[PDB]
Amino acid sequence: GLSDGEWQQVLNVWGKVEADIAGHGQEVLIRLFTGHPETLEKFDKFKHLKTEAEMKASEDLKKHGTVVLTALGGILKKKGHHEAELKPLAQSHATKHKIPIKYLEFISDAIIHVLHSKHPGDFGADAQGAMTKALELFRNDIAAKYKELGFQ
Ligand code: HEM
């Protein structure tokens with residue numbers, strides 16, 4: 001898994017997100033939707049967002065960004081002992097939302113991008129390495145549950 005030092009870096013980076021969780025969450029989703037428009041189609045309630053300006057102006061998009069990053073933050077704070085938090089999310093995303101594991105890769109990449117965009121020069125090589133490992137662990141544990149379910 002991750003070392004104690006690596007987890008410390010992850011949670012330090014997470015403090016930066018927590019200062020503006022809605023702002024980070026909004027930017028993560030906009031990065032996801034604009035880079036991969038197929039992802040928007042998974043959200044009946046964001047389908048109407050035909051432009052990035054409309055996305056930016058959407059308070060509901062921001063609200064969902066908050067929900068998403070709040071859940072992720074909870075999982076990260078468990079430092080890999082996250083089965084109870086992660087299993088239900090994996091199951092909802094496979095069975096109800098029908099989100100392929102590829103889209104979780106896309107959103108992981110979007111998180112890394114947004115961290116660099118909002119914290120340029122303040123999200124160093126060590127920090128990126130640690131956050132990347134944590135998001136890979138998250139994705140991998142979801143993928144294990146997806147396999148159980150035969151999803152995708
Ligand atoms: C960091 C990764 C993600 C986290 C932590 C996360 C978390 C959540 C949470 C907590 C909910 C509400 C509870 C639930 O339905 O399980 C939710 C809903 C949902 N998620 Fe995710 N999610 C992630 C990635 C994604 C991705 C990549 C997609 C699609 C590309 C997606 C699609 C959806 C949809 C369609 C809903 C229902 C939205 C609604 O209509 O209210 N999620 N997510």
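Counting starts at 1 for both ligands and their atoms, following the listed order. Side chains included, hydrogens not; waters and symmetry mates left out as well; all remaining heavy atoms used. Residue numbers count from 1 along this sequence.
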Looking at [X], which atoms of ligand 1 are within less than 4.0 Å of one of its heavy atoms?
X      : answer
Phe138 : 1 (C), 2 (C)
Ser92  : 14 (C), 16 (O)
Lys45  : 39 (C), 40 (O), 41 (O)
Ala71  : 10 (C)
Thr39  : 30 (C)
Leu104 : 24 (C)

Considering only protein heavy atoms, which is closest to [atom], and at what distance to one decimal place?
atom                    : answer
atom 3 (C) of ligand 1  : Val68 CG1, 3.9 Å
atom 34 (C) of ligand 1 : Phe43 CE2, 3.5 Å
atom 26 (C) of ligand 1 : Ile99 CG2, 3.9 Å
atom 12 (C) of ligand 1 : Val67 CG1, 4.1 Å
atom 13 (C) of ligand 1 : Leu89 CD2, 4.6 Å
atom 30 (C) of ligand 1 : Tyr103 CD2, 3.5 Å

Criterion side-chain hydrogen bond (donor to acceptor under 3.5 Å, both in side chains) against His24, the qualifying member of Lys16, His119, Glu18: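 When side-chain hydrogen bond (donor to acceptor under 3.5 Å, both in side chains) is applied between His24 and each of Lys16, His119, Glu18, only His119 qualifies.
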Answer yes or no: is there a side-chain heavy-atom contact under 4.5 Å between [X] and [Y]?
X      : Y      : answer
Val28  : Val68  : no
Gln152 : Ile101 : no
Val17  : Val114 : no
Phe46  : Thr39  : no
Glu83  : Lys145 : yes
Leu115 : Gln128 : no

Considering all heavy atoms, the nearest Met55-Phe33 contact: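 Result for this residue pair: CE-CB, 3.9 Å.
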Closest contact, heavy atoms only, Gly80 versus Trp7: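 That closest heavy-atom pairing would be N-CZ2, 3.4 Å.
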Contact (N/O only, under 3.5 Å) between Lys42 and ligand 1: no
Nitrogen or oxygen atoms of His97 and ligand 1 under 3.5 Å apart: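 Yes, there is a polar N/O contact under 3.5 Å.
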Worked check of side-chain contact (heavy atoms from CB on, under 4.5 Å) between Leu135 and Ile107: CA-CA 10 Å; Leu135 295 169; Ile107 202 175; over 6 Å; no
Sub-4.0 Å heavy-atom contact, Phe106 with ligand 1: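 No; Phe106 lies far enough from ligand 1 that no heavy-atom distance drops under 4.0 Å.
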Sub-4.0 Å heavy-atom contact, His64 with ligand 1: yes
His93 backbone or side-chain N/O/S under 2.8 Å from atom 21 (Fe) of ligand 1: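 Looking at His93, which is the residue asked about, there is an N, O or S atom under 2.8 Å from atom 21 (Fe) of ligand 1.
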Centroid-centroid distance, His64 to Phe43, less than 6.0 Å: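 Under 6.0 Å, so yes.
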